[PDB]
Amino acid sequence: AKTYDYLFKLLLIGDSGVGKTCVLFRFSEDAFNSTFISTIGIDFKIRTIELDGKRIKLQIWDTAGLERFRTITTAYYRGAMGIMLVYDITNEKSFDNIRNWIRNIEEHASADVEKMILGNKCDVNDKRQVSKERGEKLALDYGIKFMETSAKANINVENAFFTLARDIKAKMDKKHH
């Protein structure tokens, strides 16, 4: 039997080291690993959730953040229906670069792709370099939803993916009617 009613392709982008893989690892398998293993180009996970009584299969593509992998990762933008833009609240440079990642989306993804900004590692309060207020303001400047997350402490990871998936489904359902 076919195990889903909707299939949404999701992408995680952002600088190397911000926690894209750890965020996905928490979402897809409810686990966290402190040992950094930088992603070689691309990684892939599946999770099927329920929304409005419907089975939503999420095919989630975890891109590498390093510029050396630009050619490979850029080719995954085309089909994406939702994109998480991830920075590290302890790394102001990763936050500054969110504007450049948005431009990368606008050059290579669909014009109407759903977007969300995640300020990750919010459990590391003692090393925060970007206030939550600044993250909210950047998101507001772009009209993009925003959430701070912790893969390690499991904060807002579920909320982030469920919210992005709900926004894709809402758009798709409006296109049907």
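When you see a residue number, it is the position in the sequence shown, counting from 1.
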property	result
Stretch exceeding the other in mean C-alpha B-factor - 124 to 132, 57 to 65	124 to 132
165 to 173 set against 19 to 27, stretch whose average Cα temperature factor tops the other in the entry	165 to 173
Selection by C-alpha B-factor (highest) of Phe44, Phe146, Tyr142, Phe36	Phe36
Lowest, middle or highest third - CA B-factor, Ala109	middle
Chain third (lowest, middle, highest) by recorded CA B-factor, residue given as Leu51	highest
Third of chain Cα B-factors occupied by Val157	middle
